[PDB]
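Chain residues, written in single-letter form:
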Amino acid sequence: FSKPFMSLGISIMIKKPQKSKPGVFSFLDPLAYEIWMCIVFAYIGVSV
Amino acid sequence: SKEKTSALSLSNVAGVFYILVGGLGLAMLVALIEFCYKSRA
């Protein structure tokens, strides 16, 4: 071998943690979409 | 260590809709039997 002309080391590569894309409907996330309908169909039902 | 980000399904709050409708029909039961007694008296 010759003289070391470039210094380096073993490091780690993972995929970069992606851009946090919430979506335009992120606030409706902790409840499933079924429940939001079942609220509204029961919202009309109680008011009827 | 592997815990998940889980939304509530409909099964989690399932009985609340049941006691909602049960509270509805009970009011349907009372709204009948309050008009009948005043129509008798």
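Residues numbered from 1 in each chain as written, not as in the entry; some residues may be left out. Chains lettered and ligands numbered in written order. Part of a larger assembly, values for the part shown. Heavy atoms only, no water.

In terms of determination method and resolution, the entry is listed under cryo-EM at 4.26 Å.

The name given to chain B in the PDB entry is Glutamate receptor 2, with Rattus norvegicus as the source organism.

By the naming in the PDB entry, chain A is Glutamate receptor 2, taken from Rattus norvegicus.

Chemist: What exactly am I supposed to notice about a nonpolar patch on the surface here?
Modeler: All names here are of chain A. On the surface, a cluster of nonpolar side chains totalling about 520 Å² of accessible area is made up of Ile39, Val40, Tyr43, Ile44 and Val48. Note on placement: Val48 falls in the segment after α1 (33–47). Since its relative accessible area comes to 83%, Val48 is described here as exposed. (Patch = residues over 30% accessible without salt bridge, like charges linked within 9 Å, V, L, I, M, F, W, Y side chains within 5 Å. Areas by Shrake-Rupley, 256 points an atom, 1.4 Å probe, with all protein chains shown as cover. Salt bridge = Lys/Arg side-chain N within 4 Å of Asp/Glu carboxyl O. Helix = DSSP H or I, 4+ residues; strand = E, 2+ residues; numbered from the N terminus. Buried < 20%, exposed > 50% of the residue type's maximum accessible area, 1.4 Å probe, protein only.)

Chemist: In this structure, what is going on with the interface of chain B and chain A? I would like to understand it.
Modeler: It is common to give the size of an interface as the accessible area lost on bringing the parts into contact. Taken together, the contacts link 8 residues of chain B with 10 residues of chain A. Carbon and sulfur atoms make up 81% of the surface buried where chain B meets chain A, a total of about 680 Å² over both sides. For the chain B face of the interface with chain A, the top three residues by lost area are B:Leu8, B:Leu10 and B:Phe17, together amounting to 58%. There are 0 salt bridges connecting chain B and chain A. Where chain B touches chain A, the interface holds 2 residue pairs in polar contact. Among the residues forming the side of chain B that touches chain A, the class breakdown is 7 nonpolar, 1 polar and no charged. (Contact = heavy atoms within 4.5 Å. Buried area = accessible area lost by both parts, 1.4 Å probe. Polar contact = N/O pair within 3.5 Å; in protein donor to acceptor, adjacent residues only side chain to side chain. Nonpolar A, V, L, I, M, F, W, Y, C, P; charged D, E, K, R; others polar.)

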